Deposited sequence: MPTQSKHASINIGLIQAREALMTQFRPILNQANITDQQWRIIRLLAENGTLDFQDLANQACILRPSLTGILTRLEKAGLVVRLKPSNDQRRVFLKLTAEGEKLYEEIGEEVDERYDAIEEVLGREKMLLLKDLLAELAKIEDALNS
């Protein structure tokens, strides 16, 4: 029920977001990594894997491409490059415009509630 509702909600969101990702030729997972490194200051490999919800064997390859593309750099801690910061703001702007279009219909109040409930649900491992 909730499992399925989650996938149905994100899938409907993803179909309209996928054309955007192809214009920068970045994948979903790459975008999550890019955004997380921006919304956080810096993140190590394990923490990045946990928050991006990417398996450790998969994350290494993805990170390598982002560094070859000069978007992410290793120092083990990871952080966006100057260019990575710019890419995040441009794509993020389109997403905010997308967020605004949904909030205009769904309702600002319902939208805020959805954010809180999704955040609490993610946190329920430590709380169990």
query: Deposited sequence positions missing from the model - stretches, numbered from 1, in order; finding: 1-8, 84-91, 145-146
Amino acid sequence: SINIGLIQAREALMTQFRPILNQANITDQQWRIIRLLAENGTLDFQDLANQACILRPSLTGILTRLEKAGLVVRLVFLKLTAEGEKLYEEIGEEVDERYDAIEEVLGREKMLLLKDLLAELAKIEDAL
From here on, numbers count along this sequence of modelled residues.
query: Residue stretch of maximal mean CA temperature factor, 55-63 vs 41-49; finding: 41-49
query: Higher-scoring stretch by recorded Cα B factor average, 26-34 or 80-88; finding: 80-88
query: Position of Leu118 among the chain's modelled residues by C-alpha B-factor, lowest, middle or highest third; finding: lowest
query: Chain third (lowest, middle, highest) by recorded CA B-factor, residue given as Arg108; finding: middle
query: Lowest, middle or highest third - CA B-factor, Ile7; finding: lowest
